Amino acid sequence: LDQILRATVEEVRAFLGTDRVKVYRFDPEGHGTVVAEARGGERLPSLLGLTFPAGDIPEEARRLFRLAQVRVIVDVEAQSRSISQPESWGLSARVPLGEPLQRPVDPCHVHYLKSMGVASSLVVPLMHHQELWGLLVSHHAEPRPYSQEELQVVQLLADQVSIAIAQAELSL
Ligand SMILES: *[C@@H](C)[C@H]1/C(=C/c2[nH]c(/C=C3N=C(/C=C4\NC(=O)C(CC)=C4C)C(C)=C\3CCC(=O)O)c(CCC(=O)O)c2C)NC(=O)[C@H]1C
């Protein structure tokens with residue numbers, strides 16, 4: 001699995017040429033590990049082999065990853081603002097899909113990325129419909145907005161990858 005993913009992040013990155021693209025596996029406890037990381041160069045430190053703090057993924061958001069497989073952070077310049085204080089939640093039948101087009105992100109995570117030297121982050125999961133094995137995230141040091149064309153690229157590869165991680169798991 002590791003070898004496959006590592007090969008996936010390196011090759012895919014070459015196509016996106018994005019400052020940094022990595023795969024993030026989710027552990028039932030929340031302790032996920034970087035099993036795939038690509039970088040343009042020694043410009044941005046490598047987070048490979050490092051462990052992220054458990055709980056990095058909130059509650060309302062993580063549930064969306066399982067429901068809509070669609071998340072992205074907008075240019076910090078436009079300064080999207082949000083509050084970690086949501087009103088109730090949707091029902092099983094209802095599937096909330098970013099009511100607004102600006103889907104503002106609370107400041108806590110925005111400045112967090114600023115600390116990472118990132119302005120806009122895109123997320124295109126590499127997993128199943130009702131089950132999340134991991135998450136893919138791309139970093140672009142530009143205030144430019146996200147385009148559907150970007151989705152076209154990962155849509156075909158992500159689906160083939162999400163399948164790879166699923167098929168590879170059977171080995172063990
Ligand atoms: C601050 C109190 C907390 C918080 C809230 C929060 N998180 C997001 C957005 C995202 N979080 C990430 C982070 C990652 N990038 C990575 O490199 C990795 C792998 C190690 C992760 C998991 C990203 C890219 C997202 C998804 C984009 C999105 O906006 O959904 C959100 C949005 C959810 C919402 O609207 O409430 C917020 C506001 N982040 C924390 O970790 C807490 C400390």
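Residues numbered from 1 in each chain as written, not as in the entry; some residues may be left out. Heavy atoms only, no water.

For this deposited structure, the header cites solution NMR as the method used.

Asks: Explain the site of the ligand residue by residue, including any values.
Replies: What surrounds the ligand is a group of 17 residues, the closest being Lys22, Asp56, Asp106, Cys108 and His109. One of the side-chain nitrogen or oxygen atoms of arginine 71 is found 3.1 Å away from an oxygen atom of the ligand. Taking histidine 109, its side chain carries an N or O atom lying 2.9 Å from a nitrogen atom of the ligand. Put simply, the ligand lies in the largest pocket. Among the secondary structure elements, those contributing two or more residues to the shell around the ligand are β1 (20-25), α2 (60-67), β3 (71-73), α3 (107-114) and β5 (134-140). Examining the composition of the shell around the ligand, we find that three residues originate from one element, β3, more than from any other. (Near = heavy atom within 4 Å. Polar contact = N/O pair within 3.5 Å; in protein donor to acceptor, adjacent residues only side chain to side chain. 1 Å grid on protein atoms, 1.4 Å probe; cavity = no way out; pocket = protein on both sides within 12 Å on 5 of 7 lines; lining within 4 Å. Sits in = over half its atoms within 2 Å of the grid points. Helix = DSSP H or I, 4+ residues; strand = E, 2+ residues; numbered from the N terminus.)

Asks: Give a detailed account of the pattern of salt bridges, specifying residues and quantitative values.
Replies: All chains considered together, the criterion is met by one salt bridge. Between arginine 144 and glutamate 142 there is a salt bridge, and its shortest N-O distance comes to 2.8 Å. Its relative accessible area of 53% is what places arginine 144 among the exposed residues. When its relative accessible area of 14% is taken as the criterion, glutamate 142 is described as buried. (Salt bridge = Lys/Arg side-chain N within 4 Å of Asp/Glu carboxyl O. Buried < 20%, exposed > 50% of the residue type's maximum accessible area, 1.4 Å probe, protein only.)

Asks: Hey, could you go over the sheet that holds β1 for me, with residue numbers and the actual values?
Replies: The strand order across the open sheet formed by five strands is β2-β1-β5-β4-β3, and the pairing between neighbours is antiparallel. Each edge of the open sheet is held by one strand with a lone partner, namely β2 (33-39) and β3. In this sheet, neighbouring strand axes are inclined to one another by 15° on average, regardless of whether the strands run parallel or antiparallel. (Pairing = 2+ DSSP bridges. Axes fitted to C-alpha atoms, helices over the stretch in contact; angles between N-to-C directions.)

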